[PDB]
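Enquirer: This is the structure I have questions about; it appears just below.
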Amino acid sequence: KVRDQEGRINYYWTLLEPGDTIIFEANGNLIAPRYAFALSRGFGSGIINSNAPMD
Amino acid sequence: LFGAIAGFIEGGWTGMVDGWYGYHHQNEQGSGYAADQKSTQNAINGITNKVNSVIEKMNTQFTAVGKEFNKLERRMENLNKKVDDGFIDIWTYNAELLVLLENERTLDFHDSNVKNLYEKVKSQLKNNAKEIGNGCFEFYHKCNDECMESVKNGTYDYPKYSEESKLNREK
């Protein structure tokens, strides 16, 4: 039991290229997408793990 | 810096075309421009070995920098980019600084060679000649082409003209 539950939900992602389709077929156990994210990319960056004020 | 080039010797000579360092004599027979072959040859050997040491110290193995990755491998692409940019930055900094410092080493080497030539001629002539600035000596005695060549190759024979130079100096 973790987060009050025993069952687990596995999360998956992919990047649809411009001009391509994704097909979902399911007879059960589907946590369907509701909101997606159109992502234009930029320069390589990272994630900073800190506890500091923001100015 | 040693003070000879752009120092107590002001400018160079476009007349001297056979070497880096040398003499300009003026006698009754005529004036001229002769390069000191020993010092110039030593300088040439030193500069050639410096250039060769810079060039031939770079040895590489067969490598291909380029790599291709798919969309699900971006940590790969970023790490490859990091190694490439790091090597380029290190080599750029090293090359720029190496050239910058070696230019000062070469110019100081030339200045030292000129000063050493001046000091050699001065120690050869002693009190037989007077220093009149600009790296230029005035003889107290009478010199022909044999005397000039003798000063140039390093066999001056100070005792030969010592007495006449003493007579002309103390007057």
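Ordering of the structure tokens sets the chain letters (A, B, ...), residue numbers begin anew at 1 in every chain, and ligands are numbered from 1 in the order given.
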Considering only C-alpha atoms, extract the chain B residues located within 12 Å of chain A and return them as a ChimeraX atom specification.

Expert: /B:70-72,74-75,77-79,81-82

Enquirer: Output C-alpha atoms for every residue in that selection, as an mmCIF file, in the first residue's frame.

Expert:
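Final output, saved to again23.cif:
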data_model
loop_
_atom_site.group_PDB
_atom_site.id
_atom_site.type_symbol
_atom_site.label_atom_id
_atom_site.label_comp_id
_atom_site.auth_asym_id
_atom_site.auth_seq_id
_atom_site.Cartn_x
_atom_site.Cartn_y
_atom_site.Cartn_z
ATOM 1 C CA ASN B 70 16.813 9.609 -32.133
ATOM 2 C CA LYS B 71 14.206 11.690 -30.308
ATOM 3 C CA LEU B 72 14.038 9.496 -27.190
ATOM 4 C CA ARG B 74 18.361 13.576 -25.760
ATOM 5 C CA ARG B 75 20.653 13.031 -22.774
ATOM 6 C CA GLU B 77 22.807 14.260 -27.709
ATOM 7 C CA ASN B 78 23.430 16.725 -24.890
ATOM 8 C CA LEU B 79 26.384 14.741 -23.494
ATOM 9 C CA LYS B 81 27.431 18.221 -27.386
ATOM 10 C CA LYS B 82 29.053 18.823 -24.004
#

Enquirer: I need the residues of range 2-150 of chain B that end up classed as alpha helix (DSSP H) by DSSP on the backbone, written out as a ChimeraX atom specification.

Expert: /B:37-56,74-125,145-150

Enquirer: Excluding residue 33 in chain A and its own-chain neighbours fewer than 3 positions away, which residues fall within 12 Å of it when counting only C-alpha atoms? Please give them as a PyMOL selection string.

Expert: chain A and resi 11-14+22-24+30+36-37

Enquirer: Could you tell me how far CA of residue 99 in chain B sits from CA of residue 48 in chain B, in Å to one decimal place?

Expert: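 For CA of residue 48 in chain B relative to CA of residue 99 in chain B, the distance reads 15.0 Å.
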
Enquirer: To one decimal in Å, tell me the separation between CA of residue 4 in chain B and CA of residue 43 in chain B.

Expert: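 CA of residue 43 in chain B lies 15.8 Å from CA of residue 4 in chain B.
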
Enquirer: If we count only C-alpha atoms and set the cut-off at 7 Å, which residues sit around residue 16 in chain B, ignoring sequence neighbours fewer than 3 positions away in its own chain? Please answer as a ChimeraX atom specification.

Expert: /B:13,19,33-35

Enquirer: Could you write out the selected residues, including N, CA, C and O atoms, as a short mmCIF file (atom, residue, chain, number, x, y, z; two decimals), in the first residue's frame?

Expert:
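Listing of part23.cif after writing:
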data_model
loop_
_atom_site.label_atom_id
_atom_site.label_comp_id
_atom_site.auth_asym_id
_atom_site.auth_seq_id
_atom_site.Cartn_x
_atom_site.Cartn_y
_atom_site.Cartn_z
N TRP B 13 66.79 48.59 -40.37
CA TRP B 13 67.40 48.99 -41.63
C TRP B 13 66.78 48.19 -42.76
O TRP B 13 66.85 46.96 -42.78
N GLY B 19 69.98 39.24 -43.50
CA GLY B 19 69.87 38.67 -42.17
C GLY B 19 69.08 39.56 -41.24
O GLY B 19 68.65 40.65 -41.61
N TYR B 33 76.34 47.21 -45.57
CA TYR B 33 75.42 46.53 -44.66
C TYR B 33 75.77 45.05 -44.69
O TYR B 33 75.60 44.40 -45.73
N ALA B 34 76.24 44.52 -43.57
CA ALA B 34 76.61 43.11 -43.47
C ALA B 34 75.89 42.49 -42.29
O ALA B 34 75.89 43.06 -41.20
N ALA B 35 75.27 41.34 -42.52
CA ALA B 35 74.60 40.62 -41.45
C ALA B 35 75.58 39.75 -40.68
O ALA B 35 76.50 39.16 -41.26
#

Enquirer: Rank nothing, just name the residue among B:15, B:100, B:68, B:26 nearest to residue 142 in chain B, using only C-alpha atoms.

Expert: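 Looking only at the distances to residue 142 in chain B, the closest residue turns out to be B:26.
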
Enquirer: Among chain B, which residues carry a DSSP assignment of strand (DSSP E or B), reported as a list in words?

Expert: residues 5, 9, 22, 23, 26, 31, 34, 35, 129, 130, 131, 137, 138 and 139 of chain B

Enquirer: Keeping only C-alpha atoms, write the selected residues to a file as a PDB file, in the first residue's frame.

Expert:
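So result-v1.pdb came out as:
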ATOM      1  CA  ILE B   5      65.002  46.902 -30.331  1.00  0.00           C
ATOM      2  CA  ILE B   9      68.651  51.283 -31.172  1.00  0.00           C
ATOM      3  CA  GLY B  22      74.166  43.007 -38.531  1.00  0.00           C
ATOM      4  CA  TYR B  23      76.553  45.918 -39.004  1.00  0.00           C
ATOM      5  CA  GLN B  26      81.521  53.757 -42.912  1.00  0.00           C
ATOM      6  CA  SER B  31      79.703  52.175 -46.418  1.00  0.00           C
ATOM      7  CA  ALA B  34      76.608  43.115 -43.474  1.00  0.00           C
ATOM      8  CA  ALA B  35      74.598  40.623 -41.450  1.00  0.00           C
ATOM      9  CA  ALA B 129      86.385  53.194 -29.959  1.00  0.00           C
ATOM     10  CA  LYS B 130      83.806  55.596 -28.532  1.00  0.00           C
ATOM     11  CA  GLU B 131      80.092  54.930 -28.012  1.00  0.00           C
ATOM     12  CA  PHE B 137      80.794  53.090 -32.489  1.00  0.00           C
ATOM     13  CA  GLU B 138      83.353  55.679 -33.602  1.00  0.00           C
ATOM     14  CA  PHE B 139      86.931  54.465 -33.992  1.00  0.00           C
TER      15      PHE B 139
END

Enquirer: Please indicate the distance in Å from CA of residue 114 in chain B to CA of residue 20 in chain B, rounded to one decimal place.

Expert: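 Separation of CA of residue 114 in chain B and CA of residue 20 in chain B: 9.0 Å.
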